[PDB]
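K.L.:
Following this message is one structure expressed as structure tokens.
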Amino acid sequence: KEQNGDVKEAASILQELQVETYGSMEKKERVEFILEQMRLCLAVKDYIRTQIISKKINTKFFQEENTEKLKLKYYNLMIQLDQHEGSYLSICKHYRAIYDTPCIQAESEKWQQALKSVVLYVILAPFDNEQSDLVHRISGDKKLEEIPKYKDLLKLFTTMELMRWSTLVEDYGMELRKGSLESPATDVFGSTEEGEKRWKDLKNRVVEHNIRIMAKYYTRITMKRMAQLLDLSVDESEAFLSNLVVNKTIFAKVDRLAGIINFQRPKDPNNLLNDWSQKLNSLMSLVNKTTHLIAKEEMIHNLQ
Amino acid sequence: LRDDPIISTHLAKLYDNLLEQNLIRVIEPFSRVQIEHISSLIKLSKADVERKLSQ
């Protein structure tokens with residue numbers, strides 16, 4: 153039916169597959185017959201069908217008792233469809249499992265695939281929780297420093313300094329130019345719409361990210377002037393605010409006259425904020441004054 | 313909607329409901345901001361808006 157040209161039987165085989173995959177336990181046969189799910193799926197391109205069948209796909213698996221050989225390839229061919237149907241975060245549990253791939257096969261071709269896609273899920277990782285722990289998993293690797301993008305990952309790690317992306321332009325350009333490592337950048341950009349969407353959402357993600365970083369700082373960086381230093385319009389900044397409302401910007405202080413924003417200085421309840429601050433400050437001061445004082449009192453005894 | 317029954321009150325209740333949703337949506341993150349700028353997106357008069365709000 154593949155070469156026949158009839159896609160009307162896809163619903164049939166994918167319907168019967170659900171019946172054939174239940175009522176018995178098959179380790180070898182199920183894995184070999186599970187490719188039929190994502191086989192005609194490329195022709196069908198149905199969202200709800202994909203919603204039913206990674207759900208019925210990845211439901212139970214751990215490590216062993218599955219051999220076709222070639223497993224890592226199919227694994228790379230699995231959630232890529234969920235990436236095509238999905239957007240970004242869908243690959244978080246996808247590209248994090250590829251660390252065992254260079255162990256099974258030659259590490260020569262892993263530079264253009266594994267080490268290329270290993271930064272993807274850690275870049276697209278949520279800024280809430282996973283960003284904290286997941287960055288320590290990729291760390292410690294000796295091949296990590298070999299990657300020219302190590303400095304970029306270092307800039308995306310913590311304490312990001314404000315810089316122009318125009319310098320990164322030729323970096324990404326030559327990243328497309330050289331075929332030594334992370335070669336399939338053209339394959340990533342193979343789709344005209346997908347590449348632009350991913351790029352724009354990447355720039356949006358980092359331009360949100362640095363704001364989230366400076367959000368903790370009370371230094372009042374005056375984003376009105378920052379927009380002038382970055383040479384950008386305030387309209388797309390208001391769009392970034394439209395992203396901020398679902399990014400939970402709900403706690404802040406703004407002004408009608410000027411454009412100065414305040415992420416701090418609340419109503420300041422006397423029994424909460426200044427109370428807690430005075431608590432920690434005075435207590436720490438007292439105990440610290442208590443320690444090194446008598447510590448020195450013990451130190452001067454060594455002179456006698 | 314001229315021959316519409318008494319349920320028109322419920323229709324206006326749903327309209328005011330969605331209106332309340334929008335009002336607690338866009339205004340909430342703004343402590344103090346221009347009214348014309350925030351009404352520029354909804355492109356409607358600030359009269360009925362101010363009336364419902366004050367109400």
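Here the protein sequences come in this chain order: W and X.
Position in the first sequence (from 1) plus 152 gives the number in the entry's author numbering.
Position in the second sequence (from 1) plus 312 gives the number in the entry's author numbering.
No residue lacks a Cβ here, since even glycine has one placed at the ideal position from N, Cα and C.
Comparing the CB of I205 of chain W with every heavy atom of the ligand HEM, is any distance shorter than 7 Å?
P.N.:
This structure lacks the ligand HEM; in fact it carries no ligand of any kind.
K.L.:
What residues in the stretch 398–410 of chain W have a beta carbon less than 8 Å from any beta carbon of chain X?
P.N.:
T401, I402, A404, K405, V406, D407 and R408
K.L.:
Do the CB positions of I231 of chain W and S269 of chain W come within less than 8 Å of each other?
P.N.:
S269 of chain W is positioned such that its CB atom lies no closer than 8 Å to that of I231 of chain W.
K.L.:
Per the DSSP calculation, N414 of chain W is bridged to which residue(s)?
P.N.:
W:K405
K.L.:
Using a beta-carbon distance cut-off of less than 8 Å, what residues from the stretch 340–367 of chain X approach chain W?
P.N.:
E340, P341, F342, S343, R344, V345 and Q346
K.L.:
Taking just the CA atoms, how far does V159 of chain W sit from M326 of chain W?
P.N.:
The C-alpha of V159 of chain W is placed about 42 Å away from the C-alpha of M326 of chain W.
K.L.:
Can you tell me whether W428 of chain W is helix, strand or coil according to DSSP?
P.N.:
In the structure shown, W428 of chain W adopts helical secondary structure according to DSSP, grouped into three states.
K.L.:
Tell me the DSSP secondary structure of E188 of chain W in three-state form.
P.N.:
helix
K.L.:
Less than 8 Å between the C-beta atoms of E220 of chain W and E184 of chain W, yes or no?
P.N.:
yes
K.L.:
Excluding the five sequence neighbours on either side, which residues of its own chain have a C-beta within less than 8 Å of the C-beta of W317 of chain W, listed in chain order?
P.N.:
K355
K.L.:
Hey, which unbroken runs of the beta strand (DSSP E) at 3 residues or more fall wholly within the stretch 253–277 of chain W?
P.N.:
Taking 3 residues as the minimum length, the stretch 253–277 of chain W contains no beta strand (DSSP E) run wholly inside it.
K.L.:
Between the beta-carbon of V340 of chain W and the beta-carbon of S343 of chain X, is there less than 8 Å?
P.N.:
no
K.L.:
So, under 8 Å CB-CB, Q264 of chain W and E334 of chain W are touching, yes? Tell me the CB distance rounded to an integer number of Å.
P.N.:
6 Å
K.L.:
Between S242 of chain W and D252 of chain W, which are expected to be in contact by the criterion C-beta below 8 Å, what is the C-beta distance as a whole number of angstroms?
P.N.:
Incorrect: roughly 20 Å between the Cβ atoms, too far for contact.
K.L.:
My understanding is that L314 of chain W touches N281 of chain W, with C-beta atoms under 8 Å, so please give their C-beta distance in whole angstroms.
P.N.:
Contact flag wrong, Cβ pair sits at about 25 Å.
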